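# Structural features, examined
Chain residues, written in single-letter form:
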Amino acid sequence: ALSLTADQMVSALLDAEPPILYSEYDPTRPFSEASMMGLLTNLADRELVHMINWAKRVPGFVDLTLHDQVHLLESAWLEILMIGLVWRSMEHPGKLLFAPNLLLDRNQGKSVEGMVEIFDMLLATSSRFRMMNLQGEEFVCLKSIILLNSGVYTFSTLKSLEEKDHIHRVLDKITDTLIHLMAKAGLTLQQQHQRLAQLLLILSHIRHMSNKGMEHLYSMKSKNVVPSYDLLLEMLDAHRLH
Amino acid sequence: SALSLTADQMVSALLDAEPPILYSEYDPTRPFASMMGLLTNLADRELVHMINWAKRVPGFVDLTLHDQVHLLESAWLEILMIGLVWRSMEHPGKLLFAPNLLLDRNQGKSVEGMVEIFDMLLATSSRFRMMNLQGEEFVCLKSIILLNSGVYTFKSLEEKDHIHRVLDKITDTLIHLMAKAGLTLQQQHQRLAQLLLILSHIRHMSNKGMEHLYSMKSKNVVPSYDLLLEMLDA
Ligand SMILES: O=C(c1ccc(OCCN2CCCCC2)cc1)c1c(-c2ccc(O)cc2)sc2cc(O)ccc12
Ligand SMILES: O=C(c1ccc(OCCN2CCCCC2)cc1)c1c(-c2ccc(O)cc2)sc2cc(O)ccc12
């Protein structure tokens, strides 16, 4: 993994991209605002399975222990859902494209108590992507950075010092990769550094939205909010029988 | 105008703007639970010095008062935390809230819900330590937190463009520092990225800290709009 070129890094990330899923309901029937959370929950749950298989294709990720793979996904899963949402919504001002058949605006967000504030933050992030003219190759680098970065500070065993050093090396490679993309695009050295910072600073906002969103989901008092250790392990820990 | 400062002038302005290190307010002859009262009192006194510092960050006072207040509302606990982490850098295993208030994680356990965030703060300090973070870099990072934390949640696009122009100059300033220190272009990029990724962790800690503070049902957690505006002293 640490021997990939920038071009190989981009290529592997582009190839790992998960599909765009649809909301599960009959589109010949009228839409009901009262079904919204149900629809969003079912969508998130199905997306999680594809997220696990995307994560396994992120260079350097399966080199980690399964325990650490689980912890990174525990920390990052809602951030990853959210940056994916923002990316899908970038070309639809004022809207959030949860699915091609589930395109919502903030007035619809208002029907769920406590949701509109987060809605508004997601919309502003989509606006920022648009203002920056964020490219696909840049987007997949950012999403991989979220996966590797978000949980790396909340995990001192010898094996684990080895894990953190590996993560930091892979992160350095993704930085090189972003710079390569920007250079190949024709940006000056000054413009490369400035845009690199602009991209990375957005990740602080994505982390903020993830924490506000998590607090919001917990406030709904559903039985199931986060993916369990066991659920994630089961999905991550495949046998070699297939 | 602020946008015309050189990288060297930006660094000097930020170093000179640095706030003082305050002490905890307690009688050291008296027996030492009341931990939260001490920390609350400390943070409350730190805030006015934070406002004086923000007014000295180049470009900040070119914003409307309304927008200055919004930025401080968003950033104040992050700023207190990166300050704590910086002060704690040479004290492995402990958090230097003040020179007369140096606590370890065992003392953090005495307050329900605190030790998890305590541990995150200690880890961030260790990361700064291992990166050999310099004072010149620290004051750039802290200025970035002030300008960046609220910029995605706001004439208004003129204000945002201004903020992003100032952020760009601080990026330029960070790179300049690293170049003078003899880092290669590759190392310059990589170090900039490593520093900015730590800011996501600091945002995370601020979020969890805020939840914790709210979970204690205290008199009040966030500084009000009116308090901040008053301290800005129009
Ligand atoms: O609405 C959701 C959402 C709903 C349920 C979720 O989790 C359901 C619990 N489930 C339990 C098993 C493990 C996986 C999660 C997650 C997101 C989405 C979001 C959200 C927005 C605002 C807010 O205040 C809270 C969340 S963002 C998002 C992106 C998606 O691709 C899908 C759903 C979503
Ligand atoms: O303990 C505090 C703290 C206590 C009270 C605070 O706010 C009190 C409310 N006050 C109201 C008027 C405006 C200012 C805030 C803020 C921080 C500090 C921190 C903390 C750590 C862990 C955790 O779970 C929660 C907080 S971090 C910190 C750094 C400081 O320089 C000072 C206090 C602190």
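### Points about the overall build of chain B
Scanning chain B for helices and strands turns up nine helices and two strands. Of the regular secondary structure in chain B, the N- to C-terminal order runs α-α-α-β-β-α-α-α-α-α-α. Taken against the 2.2 N^0.38 rule, which gives 17 Å for 234 residues, the C-alpha radius of gyration of chain B at 18 Å falls within 12% of a compact globule. Structurally, chain B occupies a C-alpha span of about 55 × 40 × 30 Å along its principal axes.

### Examining the interface of chain A and chain B
How big an interface is tends to be stated in terms of accessible area lost as the parts join. Contacts between the two partners involve 32 residues from chain A and, on the opposite side, 29 residues from chain B. Among the secondary structure elements, those contributing two or more residues to the side of chain A that touches chain B are helix 5 (116–132), helix 6 (136–149), helix 7 (158–185) and helix 8 (189–218) of chain A. With 17 residues, the single largest contributor to the side of chain A that touches chain B is helix 8 of chain A. Class assignment of the residues belonging to the side of chain A that touches chain B gives a composition of 14 nonpolar, 13 polar and five charged.

### Quick word on the nonpolar core
Of all hydrophobic cores here, the largest spans 155 residues; its most connected members are A:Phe61 and B:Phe60. Not counting chain neighbours up to four residues away, the residues in contact with A:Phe61 comprise A:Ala55, A:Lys56, A:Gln69, A:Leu72, A:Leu73, A:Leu147, A:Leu148 and A:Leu236.

### Some words on the site of ligand 1
All names here are of chain A. Surrounding ligand 1, one finds 20 residues, the nearest of these being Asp 45, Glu 47, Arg 88, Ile 118 and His 216. Here an oxygen atom of ligand 1 sits 2.4 Å away from a polar atom, N or O, in the side chain of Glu 47. Note that an oxygen atom of ligand 1 is positioned 2.7 Å from one of the side-chain N or O atoms of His 216. In the complex, the protein chains occlude 95% of the 710 Å² of accessible area that ligand 1 would expose alone. For the shell around ligand 1, the element with the highest residue contribution is helix 2 (residues 36–55), accounting for seven residues. Across the shell around ligand 1, the residue classes break down as 14 nonpolar, three polar and three charged.

### Quick notes on the site of ligand 2
Residues and elements named next belong to chain B. Taken together, 21 residues are adjacent to ligand 2, and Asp 44, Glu 46, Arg 87, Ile 117 and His 212 come closest. The contact in question runs from a nitrogen atom of ligand 2 to an N or O atom on the side chain of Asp 44, over 2.7 Å. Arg 87 is positioned such that a nitrogen or oxygen atom in its side chain is 3.2 Å from an oxygen atom of ligand 2. For ligand 2, the protein covers 96% of the area, taking 700 Å² as the surface of the free molecule. Looking at the shell around ligand 2, the elements with two or more residues in it are helix 2 (35–54), helix 3 (65–88), helix 5 (115–130) and helix 8 (185–215). In terms of residues, the shell around ligand 2 owes the most to one element, helix 2, which gives seven residues. Residues belonging to the shell around ligand 2 are distributed by class as follows: 15 nonpolar, three polar and three charged.

### Structural notes on the pairing of strand 2 (residues 101–104) of chain B
All names here are of chain B. A one-sided burial pattern is seen for strand 2, the buried positions being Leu 101 and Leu 103 and the unburied ones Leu 102 and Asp 104. Judged from the four bridges that link them, strand 1 (residues 94–98) and strand 2 form a sheet pairing that is antiparallel. Within strand 2, the position partnered with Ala 98 by the bridge is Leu 101. Counting the residues that bridge the hairpin from strand 1 to strand 2 gives two residues.

### Some details on the UniProt feature "binding site: 17beta-estradiol" in chain B
All names here are of chain B. Under the feature "binding site: 17beta-estradiol", the UniProt entry names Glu 46, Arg 87 and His 212. Residue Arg 87 is classed as buried on the basis of its relative accessible area, which comes to 18%. Position of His 212 relative to the elements: it lies in helix 8. Aside from chain neighbours lying at most four places away, what touches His 212 is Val 111, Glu 112, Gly 113, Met 114 and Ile 117.

### Some details on the UniProt feature "binding site: 17beta-estradiol" in chain A
Residue and element names in this part refer to chain A. Per the UniProt entry, the sites bearing "binding site: 17beta-estradiol" are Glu 47, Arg 88 and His 216 in this numbering. Locating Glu 47 in the fold gives a position in helix 2. Leave out the neighbours within four places in its chain, and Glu 47 touches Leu 21, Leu 81 and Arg 88. By relative accessible area, which is 10% here, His 216 ends up buried.

### What to know about the packing of aromatic side chains
Inspection of every chain in the model, using the stated rule, returns four aromatic pairs over all chains. Ring geometry for A:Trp87 versus A:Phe139: centroids 4.8 Å apart, planes at 10°, classification stacked. Of this pair, A:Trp87 sits in helix 3 (residues 66–89) while A:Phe139 sits in helix 6, placing them 52 residues apart in sequence. Exposure remark for A:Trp87: the relative accessible area of 25% places this residue in the partly exposed category. For A:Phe139, a relative accessible area of 2% gives the class buried. Between B:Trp86 and B:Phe138, the ring centres sit 4.7 Å apart and the planes meet at 10°, which makes this aromatic pair stacked. A residue pair is termed long-range when its members are at least 10 positions apart, and B:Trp86 in helix 3 and B:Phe138 in helix 6 (residues 135–148) qualify at 52 residues. Of the residues examined, B:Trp86 reaches a relative accessible area of 25% and is grouped as partly exposed. Stacked on the ring of B:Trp53, the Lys or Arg B:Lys142 has its end atom at 5.0 Å from the ring centre.

### Concerning the pattern of salt bridges
Considering all chains together, one arrives at 15 salt bridges over all chains under this definition. A salt bridge links A:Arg106 to A:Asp120; the nearest nitrogen and oxygen atoms lie 2.8 Å apart. Residue A:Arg106 is located in helix 4 (residues 106–109), and its partner A:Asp120 is located in helix 5; the two are separated by 14 residues in the primary sequence. Accessibility expressed as a relative area gives 32% for A:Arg106, which makes it partly exposed. Of the charged contacts in the structure, one is a salt bridge between B:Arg191 and B:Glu137, with a shortest N-O distance of 2.8 Å.

The rules we used
Residues numbered from 1 in each chain as written, not as in the entry; some residues may be left out. Chains lettered and ligands numbered in written order. Heavy atoms only, no water. Residues with missing side-chain atoms left out of burial classes, pairs and counts. Helix = DSSP H or I, 4+ residues; strand = E, 2+ residues; numbered from the N terminus. Rg over C-alpha atoms; globule rule 2.2 N^0.38 Å. Contact = heavy atoms within 4.5 Å. Nonpolar A, V, L, I, M, F, W, Y, C, P; charged D, E, K, R; others polar. Core = buried A, V, L, I, M, F, W, Y, C linked by side-chain atoms within 4.5 Å. Buried < 20%, exposed > 50% of the residue type's maximum accessible area, 1.4 Å probe, protein only. Near = heavy atom within 4 Å. Polar contact = N/O pair within 3.5 Å; in protein donor to acceptor, adjacent residues only side chain to side chain. Areas by Shrake-Rupley, 256 points an atom, 1.4 Å probe, with all protein chains shown as cover. Pairing = 2+ DSSP bridges. UniProt positions renumbered as here; feature names shortened; annotations may be inferred. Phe/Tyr/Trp six-rings, centres within 6.5 Å; stacked < 30°, edge-to-face > 60°. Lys NZ or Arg CZ within 6 Å of the ring centre and 35° of its normal. Salt bridge = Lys/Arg side-chain N within 4 Å of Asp/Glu carboxyl O.

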